[PDB]
Amino acid sequence: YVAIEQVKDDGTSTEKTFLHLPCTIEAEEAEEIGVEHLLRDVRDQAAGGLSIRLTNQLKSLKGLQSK
Amino acid sequence: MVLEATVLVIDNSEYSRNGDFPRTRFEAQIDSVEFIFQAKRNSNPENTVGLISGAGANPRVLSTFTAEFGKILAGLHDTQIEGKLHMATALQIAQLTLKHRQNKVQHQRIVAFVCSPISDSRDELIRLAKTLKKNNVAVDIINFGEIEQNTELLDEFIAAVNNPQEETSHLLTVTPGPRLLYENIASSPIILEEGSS
Amino acid sequence: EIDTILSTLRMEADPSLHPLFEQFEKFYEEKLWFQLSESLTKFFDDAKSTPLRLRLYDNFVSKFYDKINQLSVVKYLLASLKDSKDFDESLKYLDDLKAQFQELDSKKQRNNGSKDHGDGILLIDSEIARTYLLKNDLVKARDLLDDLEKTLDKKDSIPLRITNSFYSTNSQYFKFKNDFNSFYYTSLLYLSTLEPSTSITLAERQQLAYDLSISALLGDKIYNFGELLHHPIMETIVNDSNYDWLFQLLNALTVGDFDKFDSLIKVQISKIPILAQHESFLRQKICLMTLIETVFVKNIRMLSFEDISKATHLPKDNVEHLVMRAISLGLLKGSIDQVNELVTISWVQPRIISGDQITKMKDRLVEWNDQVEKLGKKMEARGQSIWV
């Protein structure tokens with residue numbers, strides 16, 4: 001979230017607020033080789049084989065419904 | 001003064017610019033702050049002083065505990081005069097500032113300059129007063145902004161605080177009319193004040 | 001010296017306006033610079049109506065400025081030249097004040113340690129621009145506004161009063177050029193952000209309200225009625241004479257009834273010379289409004305022309321043409337088929353938020369939510385064993 005300053009136009013004064021910015025992960029190369037080496041799990045979703053993405057299909061629906 | 005840490009609250013409400021003390025009251029208070037700090041240092045080197053604001057919506061730590069007039073004055077040299085007193089918020093925060101200390105044997109004292117009437121419910125400050133005193137924080141008011149344009153309601157509060165404590169609270173009355181702010185404070189007990197210790 | 005000026009002011013003043021004058025003399029003396037500002041502030045707000053202002057302001061602005069907040073100095077000057085119907089006078093006093101702030105900051109900045117003086121700069125320039133617009137030296141005004149806009153963006157934030165004054169000047173220029181759409185859009189920004197100063201009175205709401213309403217009536221794309229109501233301007237007052245007929249036009253649009261609309265407008269055509277000559281606009285506007293609304297509420301996104309013919313109360317020859325224009329503007333987008341006399345939309349402007357329409361939103365997302373549920377449970381069962 002980034003603090004922005006903008007007129008909230010409704011008959012209300014200038015409002016200061018925290019607007020969502022999507023964020024992602026990223027790893028430095030130097031860290032990353034070591035991240036991968038630490039990890040060795042079969043994953044909830046890796047985009048691997050048929051059976052793995054199939055699990056993700058069941059998950060993706062239940063995702064949307066709560067959402 | 002021996003084994004004592006005193007945070008000065010500087011309050012630079014909109015009644016700080018009032019030219020009652022020459023040239024203005026705001027510049028009169030710098031002279032006052034320099035006055036208190038050098039006197040307490042020379043007397044005892046274990047005396048320490050920090051500088052916080054009573055002004056703005058939420059207080060600002062400008063300085064930590066120090067025996068350095070340079071450190072205090074650098075923060076003081078640039079400060080706003082359009083902030084405003086919010087005494088109730090300030091009281092609870094001053095205590096928190098005071099937990100870190102050069103050493104713990106040093107007492108807990110606030111000296112607060114006052115340039116404007118209270119801006120808070122009267123009844124609340126009485127309750128806060130009695131929370132401070134358990135932990136033995138005593139608060140000495142150099143009063144001169146309350147009696148400009150409002151009645152003196154500070155007496156109630158000073159009585160409430162007053163209990164056996166490391167130091168006692170004091171009401172020292174300074175006339176808002178011209179007399180030079182540092183000058184009244186030099187004649188008032190500031191180092192002739194005393195505790196129950 | 002100054003005392004002689006104060007005595008003249010008191011003699012001409014009302015007994016009721018005596019205590020404001022008497023407070024200026026004592027507080028100045030007492031060097032209470034807080035009350036010196038407070039007493040003054042009360043005076044300029046309402047006693048600006050009276051000529052009392054000329055003698056008290058100019059003298060105090062040129063003498064004892066340094067003492068009080070700079071903001072308070074420029075606020076009085078603003079009040080004095082509001083009622084001033086002289087432009088030589090106006091231009092003089094501004095140039096003079098600007099010079100004074102420049103000096104003032106040399107001492108003041110160090111003395112307080114922190115204290116802005118850039119507030120007064122912008123406001124001066126905003127006033128000067130405006131002076132030129134009324135003098136109809138439009139070109140000078142244009143470039144001063146542009147410069148202010150650049151300056152302003154370097155700052156992260158300014159006071160409400162600063163952006164309200166920028167906006168006010170800009171809105172004035174736009175109604176002068178009769179750029180109706182831009183007048184109205186900038187006027188909205190003005191209302192939201194408005195000065196906490198109470199210079200704005202009920203009569204000042206009314207003055208502004210006739211122009212705002214005219215600009216949007218003659219439009220074909222302005223649909224900010226919901227924002228309008230909620231803004232101070234129409235919020236507090238609706239029950240004046242200006243807001244009898246004018247507000248009924250406004251209502252008539254919203255309910256989308258052309259029969260009422262026709263009745264009112266004929267009477268208003270003799271009385272109002274703006275409405276006399278812009279007859280064509282008023283009828284076009286109402287047509288586009290009912291049409292964009294009718295498709296929206298329907299979950300069906302195609303409706304025949306013939307039903308639209310009924311809805312807009314215009315023959316079917318005229319409806320086909322109107323719909324060609326709807327695409328051009330981009331208020332609706334879609335395709336046109338005259339092999340069934342249909343309009344099939346693929347895009348519809350968001351309509352204004354009303355309790356009724358929200359209710360439709362709530363249903364739609366409930367409905368979809370049941371499909372999701374039904375599917376995921378069926379999909380669980382089939383291939384139960386493999387979910388590795």
# chains A, B, ... in the order shown; residues from 1 in each chain; ligands from 1
$ interface_residues --of "chain C" --to "chain A" --cutoff "10 Å" --atoms "only C-alpha atoms" --output "short mmCIF file (atom, residue, chain, number, x, y, z; two decimals) with N, CA and C atoms, in the first residue's frame"
data_model
loop_
_atom_site.label_atom_id
_atom_site.label_comp_id
_atom_site.auth_asym_id
_atom_site.auth_seq_id
_atom_site.Cartn_x
_atom_site.Cartn_y
_atom_site.Cartn_z
N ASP C 156 3.41 18.28 -2.66
CA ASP C 156 2.63 17.06 -2.50
C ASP C 156 1.23 17.40 -2.08
N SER C 157 1.09 18.42 -1.23
CA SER C 157 -0.20 18.80 -0.70
C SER C 157 -0.12 20.26 -0.45
N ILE C 158 -1.31 20.87 -0.62
CA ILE C 158 -1.64 22.25 -0.30
C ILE C 158 -2.96 22.31 0.54
N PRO C 159 -3.26 23.46 1.20
CA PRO C 159 -4.55 23.71 1.85
C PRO C 159 -5.77 23.63 1.00
N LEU C 160 -6.91 23.41 1.62
CA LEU C 160 -8.16 23.38 0.93
C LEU C 160 -8.42 24.64 0.24
N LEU C 188 -17.22 20.89 -10.08
CA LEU C 188 -17.41 19.80 -9.20
C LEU C 188 -16.28 19.67 -8.19
N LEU C 189 -15.04 19.84 -8.68
CA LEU C 189 -13.83 19.78 -7.92
C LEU C 189 -13.75 20.83 -6.89
N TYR C 190 -14.29 22.03 -7.26
CA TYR C 190 -14.40 23.16 -6.39
C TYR C 190 -15.28 22.87 -5.18
N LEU C 191 -16.49 22.23 -5.41
CA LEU C 191 -17.40 21.96 -4.34
C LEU C 191 -16.90 21.01 -3.36
N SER C 192 -16.16 19.96 -3.83
CA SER C 192 -15.76 18.91 -2.98
C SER C 192 -14.78 19.47 -1.97
N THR C 193 -13.79 20.24 -2.50
CA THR C 193 -12.66 20.58 -1.77
C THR C 193 -12.73 21.84 -0.95
N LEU C 194 -13.85 22.57 -1.12
CA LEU C 194 -14.24 23.88 -0.69
C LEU C 194 -13.54 24.52 0.49
N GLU C 195 -13.29 25.83 0.48
CA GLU C 195 -12.64 26.61 1.59
C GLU C 195 -13.44 26.43 2.89
N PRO C 196 -12.83 26.30 4.15
CA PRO C 196 -13.60 26.19 5.38
C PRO C 196 -14.08 27.53 5.72
N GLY C 226 -26.22 12.78 -9.45
CA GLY C 226 -26.21 12.15 -8.16
C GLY C 226 -25.18 12.82 -7.32
N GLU C 227 -24.07 13.27 -7.93
CA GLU C 227 -22.99 13.91 -7.18
C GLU C 227 -23.46 15.35 -6.76
N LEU C 228 -24.21 16.00 -7.68
CA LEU C 228 -24.74 17.30 -7.51
C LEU C 228 -25.60 17.57 -6.33
N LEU C 229 -26.49 16.58 -6.01
CA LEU C 229 -27.45 16.68 -4.99
C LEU C 229 -26.77 16.71 -3.60
N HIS C 230 -25.68 15.90 -3.54
CA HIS C 230 -25.00 15.56 -2.33
C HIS C 230 -24.00 16.56 -1.91
N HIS C 231 -23.72 17.49 -2.85
CA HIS C 231 -22.75 18.52 -2.67
C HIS C 231 -23.47 19.68 -1.96
N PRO C 232 -22.75 20.43 -1.09
CA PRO C 232 -23.36 21.48 -0.37
C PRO C 232 -24.34 22.38 -1.02
N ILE C 233 -24.04 22.73 -2.30
CA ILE C 233 -24.76 23.63 -3.07
C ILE C 233 -26.25 23.38 -3.16
N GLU C 235 -27.69 20.65 -1.51
CA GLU C 235 -27.98 20.01 -0.23
C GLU C 235 -28.75 20.96 0.68
N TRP C 368 -24.78 -16.16 -9.55
CA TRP C 368 -23.57 -16.72 -10.11
C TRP C 368 -22.93 -17.61 -9.12
N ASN C 369 -23.06 -17.20 -7.86
CA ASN C 369 -22.42 -17.86 -6.68
C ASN C 369 -22.97 -19.32 -6.52
N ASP C 370 -24.32 -19.51 -6.76
CA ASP C 370 -24.94 -20.83 -6.82
C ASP C 370 -24.39 -21.69 -7.93
N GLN C 371 -23.97 -21.26 -9.13
CA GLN C 371 -23.46 -22.08 -10.20
C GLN C 371 -22.16 -22.70 -9.73
N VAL C 372 -21.33 -21.86 -9.04
CA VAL C 372 -19.94 -22.12 -8.64
C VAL C 372 -19.99 -23.25 -7.70
N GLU C 373 -20.99 -23.15 -6.74
CA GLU C 373 -21.13 -24.09 -5.66
C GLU C 373 -21.44 -25.48 -6.14
N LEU C 375 -21.16 -26.74 -9.21
CA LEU C 375 -20.11 -27.28 -10.04
C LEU C 375 -18.99 -27.87 -9.25
N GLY C 376 -18.57 -27.26 -8.12
CA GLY C 376 -17.26 -27.61 -7.51
C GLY C 376 -17.50 -28.99 -6.83
N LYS C 377 -18.73 -29.21 -6.29
CA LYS C 377 -19.08 -30.43 -5.60
C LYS C 377 -19.24 -31.55 -6.50
N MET C 379 -17.66 -31.67 -9.42
CA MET C 379 -16.29 -31.85 -9.92
C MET C 379 -15.47 -32.55 -8.87
N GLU C 380 -15.79 -32.39 -7.56
CA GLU C 380 -15.02 -33.16 -6.50
C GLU C 380 -15.16 -34.64 -6.57
N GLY C 383 -13.58 -38.29 -10.16
CA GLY C 383 -12.16 -38.43 -9.99
C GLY C 383 -11.79 -38.04 -8.60
N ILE C 386 -7.99 -39.39 -7.59
CA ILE C 386 -6.80 -38.67 -8.05
C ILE C 386 -6.97 -37.19 -7.78
N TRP C 387 -6.18 -36.71 -6.78
CA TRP C 387 -6.01 -35.27 -6.60
C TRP C 387 -4.64 -35.08 -5.99
N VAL C 388 -3.63 -35.88 -6.51
CA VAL C 388 -2.30 -35.93 -5.87
C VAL C 388 -1.45 -34.65 -6.26
#
$ residues_around --residues "segment 97-113 of chain C" --least-positions-apart "4" --cutoff "7 Å" --atoms "only C-alpha atoms" --output "ChimeraX atom specification"
/B:26-27,77-81 /C:93,117
$ write_last_selection --atoms "N, CA, C and O atoms" --output "mmCIF file, in the first residue's frame"
data_model
loop_
_atom_site.group_PDB
_atom_site.id
_atom_site.type_symbol
_atom_site.label_atom_id
_atom_site.label_comp_id
_atom_site.auth_asym_id
_atom_site.auth_seq_id
_atom_site.Cartn_x
_atom_site.Cartn_y
_atom_site.Cartn_z
ATOM 1 N N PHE B 26 7.839 33.119 21.187
ATOM 2 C CA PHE B 26 8.466 32.035 20.635
ATOM 3 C C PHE B 26 9.994 32.100 20.760
ATOM 4 O O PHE B 26 10.631 31.117 21.174
ATOM 5 N N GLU B 27 10.627 33.235 20.478
ATOM 6 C CA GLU B 27 12.045 33.444 20.515
ATOM 7 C C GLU B 27 12.475 33.593 21.963
ATOM 8 O O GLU B 27 13.627 33.334 22.368
ATOM 9 N N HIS B 77 15.976 24.946 16.479
ATOM 10 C CA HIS B 77 16.256 25.979 15.524
ATOM 11 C C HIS B 77 15.229 26.000 14.379
ATOM 12 O O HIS B 77 14.973 27.051 13.765
ATOM 13 N N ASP B 78 14.601 24.850 14.047
ATOM 14 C CA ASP B 78 13.585 24.652 13.076
ATOM 15 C C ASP B 78 12.432 23.985 13.809
ATOM 16 O O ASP B 78 12.477 22.823 14.072
ATOM 17 N N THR B 79 11.287 24.754 14.053
ATOM 18 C CA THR B 79 10.108 24.194 14.541
ATOM 19 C C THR B 79 8.969 25.154 14.156
ATOM 20 O O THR B 79 9.133 26.368 14.122
ATOM 21 N N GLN B 80 7.806 24.556 13.884
ATOM 22 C CA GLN B 80 6.525 25.101 13.559
ATOM 23 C C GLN B 80 5.810 25.780 14.695
ATOM 24 O O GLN B 80 6.025 25.404 15.862
ATOM 25 N N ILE B 81 4.974 26.801 14.384
ATOM 26 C CA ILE B 81 4.314 27.522 15.399
ATOM 27 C C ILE B 81 2.816 27.427 15.204
ATOM 28 O O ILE B 81 1.927 28.075 15.856
ATOM 29 N N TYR C 93 -3.094 46.953 -5.326
ATOM 30 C CA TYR C 93 -2.944 46.491 -3.972
ATOM 31 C C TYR C 93 -2.202 45.156 -3.881
ATOM 32 O O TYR C 93 -1.436 44.906 -3.017
ATOM 33 N N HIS C 117 5.420 30.639 3.646
ATOM 34 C CA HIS C 117 5.102 31.963 3.115
ATOM 35 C C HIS C 117 4.829 31.762 1.626
ATOM 36 O O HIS C 117 4.752 32.729 0.872
#
$ residues_around --residues "residue 29 of chain B" --least-positions-apart "4" --cutoff "8 Å" --atoms "only C-alpha atoms" --output "list in words"
residues 25, 33, 181 and 182 of chain B
$ closest_residue --among "B:140, B:14, B:90, B:176" --to "residue 191 of chain B" --atoms "only C-alpha atoms"
B:140
$ residues_around --residues "segment 149-163 of chain B" --least-positions-apart "3" --cutoff "8 Å" --atoms "only C-alpha atoms" --output "PyMOL selection string"
chain B and resi 117+122+125-126+129-130+132-133+138-139+145-146+168-171
$ write_last_selection --atoms "N, CA and C atoms" --output "short mmCIF file (atom, residue, chain, number, x, y, z; two decimals), in the first residue's frame"
data_model
loop_
_atom_site.label_atom_id
_atom_site.label_comp_id
_atom_site.auth_asym_id
_atom_site.auth_seq_id
_atom_site.Cartn_x
_atom_site.Cartn_y
_atom_site.Cartn_z
N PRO B 117 -4.48 27.86 26.81
CA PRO B 117 -5.43 27.09 27.61
C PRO B 117 -5.52 25.60 27.25
N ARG B 122 -11.61 18.65 30.88
CA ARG B 122 -11.01 18.90 32.15
C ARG B 122 -10.93 17.70 33.02
N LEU B 125 -8.22 15.01 32.35
CA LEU B 125 -6.84 15.19 32.73
C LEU B 125 -6.60 14.82 34.12
N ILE B 126 -7.68 14.85 34.98
CA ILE B 126 -7.63 14.47 36.39
C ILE B 126 -7.34 12.97 36.44
N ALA B 129 -3.75 12.23 35.42
CA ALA B 129 -2.90 12.80 36.43
C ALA B 129 -2.52 11.67 37.40
N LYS B 130 -3.53 10.79 37.80
CA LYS B 130 -3.41 9.84 38.82
C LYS B 130 -2.83 8.65 38.25
N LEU B 132 -0.12 8.82 36.12
CA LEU B 132 1.25 9.20 36.07
C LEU B 132 1.93 8.97 37.40
N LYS B 133 1.20 9.25 38.50
CA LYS B 133 1.73 9.39 39.89
C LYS B 133 2.06 7.98 40.47
N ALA B 138 6.25 13.22 38.08
CA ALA B 138 5.76 14.49 38.55
C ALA B 138 6.00 15.56 37.50
N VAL B 139 5.06 16.53 37.42
CA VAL B 139 4.92 17.38 36.32
C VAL B 139 4.83 18.74 36.81
N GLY B 145 -0.10 30.56 29.66
CA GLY B 145 -0.99 30.62 28.57
C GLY B 145 -2.44 30.40 28.88
N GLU B 146 -2.65 29.69 30.01
CA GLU B 146 -3.99 29.51 30.56
C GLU B 146 -4.64 30.75 31.09
N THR B 168 7.93 16.10 43.44
CA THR B 168 6.58 16.54 43.55
C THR B 168 6.29 17.50 42.37
N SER B 169 4.99 17.65 42.06
CA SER B 169 4.49 18.61 41.06
C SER B 169 4.45 19.97 41.70
N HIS B 170 4.56 21.00 40.86
CA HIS B 170 4.68 22.32 41.34
C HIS B 170 3.83 23.20 40.43
N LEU B 171 3.16 24.26 41.00
CA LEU B 171 2.53 25.28 40.16
C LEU B 171 3.31 26.51 40.33
#
$ closest_residue --among "C:61, C:23, C:32, C:7" --to "chain B" --atoms "only C-alpha atoms"
C:32
$ select_by_dssp --residues "segment 174-295 of chain C" --states "alpha helix (DSSP H)" --output "ChimeraX atom specification"
/C:174-177,180-193,202-217,225-230,232-235,242-255,258-271,273-277,279-295
$ interface_residues --of "chain C" --to "chain B" --cutoff "10 Å" --atoms "only C-alpha atoms" --output "MDAnalysis selection string"
chainID C and resid 28:36 67:69 109:116
$ write_last_selection --atoms "C-alpha atoms" --output "PDB file, in the first residue's frame"
ATOM      1  CA  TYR C  28      -2.817  45.241  19.131  1.00  0.00           C
ATOM      2  CA  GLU C  29      -1.629  47.128  22.305  1.00  0.00           C
ATOM      3  CA  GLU C  30      -1.771  44.033  24.500  1.00  0.00           C
ATOM      4  CA  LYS C  31       0.389  42.269  21.904  1.00  0.00           C
ATOM      5  CA  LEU C  32      -1.822  39.368  21.808  1.00  0.00           C
ATOM      6  CA  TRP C  33      -1.252  38.474  18.261  1.00  0.00           C
ATOM      7  CA  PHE C  34      -3.712  35.535  18.469  1.00  0.00           C
ATOM      8  CA  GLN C  35      -6.666  37.732  19.329  1.00  0.00           C
ATOM      9  CA  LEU C  36      -5.414  40.421  16.965  1.00  0.00           C
ATOM     10  CA  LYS C  67       2.426  40.075  13.417  1.00  0.00           C
ATOM     11  CA  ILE C  68      -0.353  37.870  12.235  1.00  0.00           C
ATOM     12  CA  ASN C  69      -0.446  34.805  10.002  1.00  0.00           C
ATOM     13  CA  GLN C 109      11.952  32.090   8.518  1.00  0.00           C
ATOM     14  CA  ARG C 110      14.792  31.964  11.156  1.00  0.00           C
ATOM     15  CA  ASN C 111      12.786  33.497  13.978  1.00  0.00           C
ATOM     16  CA  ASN C 112      10.069  30.805  14.120  1.00  0.00           C
ATOM     17  CA  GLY C 113      12.584  28.456  12.571  1.00  0.00           C
ATOM     18  CA  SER C 114       9.729  26.955  10.387  1.00  0.00           C
ATOM     19  CA  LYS C 115       6.919  29.011   8.800  1.00  0.00           C
ATOM     20  CA  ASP C 116       5.600  28.827   5.177  1.00  0.00           C
TER      21      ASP C 116
END
$ select_by_dssp --residues "chain A" --states "strand (DSSP E)" --output "number ranges by chain"
A: 2-7, 14-19
$ residues_around --residues "residue 138 of chain C" --least-positions-apart "4" --cutoff "12 Å" --atoms "only C-alpha atoms" --output "number ranges by chain"
C: 128-134, 142-145, 169-170, 172-174, 176-177
$ decode --residues "segment 15-110 of chain B" --atoms "C-alpha atoms" --output "CSV table (one decimal), in the first residue's frame"
chain,number,residue,atom,x,y,z
B,15,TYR,CA,-0.4,31.7,20.9
B,16,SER,CA,3.3,31.2,20.7
B,17,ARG,CA,3.7,34.1,18.4
B,18,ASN,CA,2.0,36.5,20.8
B,19,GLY,CA,4.5,39.4,21.3
B,20,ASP,CA,3.8,39.6,25.0
B,21,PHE,CA,7.4,38.7,25.8
B,22,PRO,CA,9.9,40.7,23.6
B,23,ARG,CA,10.4,40.5,20.7
B,24,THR,CA,8.1,37.5,20.4
B,25,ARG,CA,7.3,34.7,22.9
B,26,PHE,CA,8.5,32.0,20.6
B,27,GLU,CA,12.0,33.4,20.5
B,28,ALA,CA,11.7,34.2,24.3
B,29,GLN,CA,11.3,30.4,24.8
B,30,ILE,CA,14.5,29.5,23.0
B,31,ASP,CA,16.3,31.6,25.5
B,32,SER,CA,14.4,29.9,28.3
B,33,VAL,CA,15.3,26.4,27.0
B,34,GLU,CA,19.0,27.3,26.8
B,35,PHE,CA,18.8,28.9,30.3
B,36,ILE,CA,17.4,25.6,31.9
B,37,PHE,CA,19.7,23.2,30.1
B,38,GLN,CA,23.0,24.9,30.9
B,39,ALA,CA,22.1,25.5,34.5
B,40,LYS,CA,21.2,21.9,35.2
B,41,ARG,CA,24.2,20.5,33.4
B,42,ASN,CA,26.8,22.6,35.3
B,43,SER,CA,25.3,21.7,38.6
B,44,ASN,CA,25.3,18.0,38.0
B,45,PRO,CA,26.7,16.2,34.8
B,46,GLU,CA,24.4,13.2,35.3
B,47,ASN,CA,21.4,15.5,34.7
B,48,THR,CA,20.1,14.7,31.2
B,49,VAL,CA,17.5,16.4,29.0
B,50,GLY,CA,15.4,15.5,26.1
B,51,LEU,CA,13.2,17.7,23.9
B,52,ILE,CA,9.7,16.7,22.8
B,53,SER,CA,6.7,18.6,21.4
B,54,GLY,CA,3.3,19.2,22.9
B,55,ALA,CA,2.3,20.7,19.6
B,56,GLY,CA,0.9,19.0,16.5
B,57,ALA,CA,-1.7,16.3,16.6
B,58,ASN,CA,0.9,13.6,17.5
B,59,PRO,CA,4.1,14.5,19.4
B,60,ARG,CA,7.5,14.4,17.9
B,61,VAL,CA,10.7,13.2,19.5
B,62,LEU,CA,13.3,15.8,18.4
B,63,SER,CA,15.9,14.7,20.9
B,64,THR,CA,16.9,12.0,23.3
B,65,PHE,CA,18.6,12.2,26.7
B,66,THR,CA,21.7,14.3,26.3
B,67,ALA,CA,24.2,16.6,28.1
B,68,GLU,CA,24.6,18.5,24.8
B,69,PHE,CA,23.1,21.9,24.2
B,70,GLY,CA,24.0,21.6,20.5
B,71,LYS,CA,21.8,18.5,20.1
B,72,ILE,CA,18.8,20.2,21.8
B,73,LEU,CA,19.3,23.5,19.9
B,74,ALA,CA,19.6,21.9,16.4
B,75,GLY,CA,16.1,20.5,16.8
B,76,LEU,CA,14.8,23.7,18.3
B,77,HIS,CA,16.3,26.0,15.5
B,78,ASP,CA,13.6,24.7,13.1
B,79,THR,CA,10.1,24.2,14.5
B,80,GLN,CA,6.5,25.1,13.6
B,81,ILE,CA,4.3,27.5,15.4
B,82,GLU,CA,1.0,26.4,13.9
B,83,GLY,CA,0.9,23.1,15.8
B,84,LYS,CA,-1.4,23.1,18.8
B,85,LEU,CA,-1.4,21.8,22.4
B,86,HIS,CA,-3.1,18.4,23.1
B,87,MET,CA,-2.2,18.0,26.6
B,88,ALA,CA,-4.0,14.7,27.3
B,89,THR,CA,-2.2,12.8,24.4
B,90,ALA,CA,1.1,14.4,25.5
B,91,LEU,CA,1.1,13.2,29.1
B,92,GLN,CA,0.8,9.5,28.4
B,93,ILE,CA,3.6,9.8,25.7
B,94,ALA,CA,6.1,11.6,27.9
B,95,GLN,CA,6.2,8.7,30.2
B,96,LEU,CA,7.0,6.3,27.3
B,97,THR,CA,10.0,8.7,26.3
B,98,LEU,CA,11.2,8.4,29.8
B,99,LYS,CA,11.6,4.6,29.9
B,100,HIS,CA,15.0,4.8,28.2
B,101,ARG,CA,17.3,6.6,30.5
B,102,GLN,CA,21.2,7.1,30.9
B,103,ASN,CA,20.6,5.1,34.1
B,104,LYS,CA,17.5,4.2,36.1
B,105,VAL,CA,18.4,5.9,39.3
B,106,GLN,CA,17.6,9.2,37.6
B,107,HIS,CA,14.1,10.5,38.5
B,108,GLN,CA,11.2,11.1,36.3
B,109,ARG,CA,10.2,14.7,35.8
B,110,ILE,CA,8.4,16.7,33.2
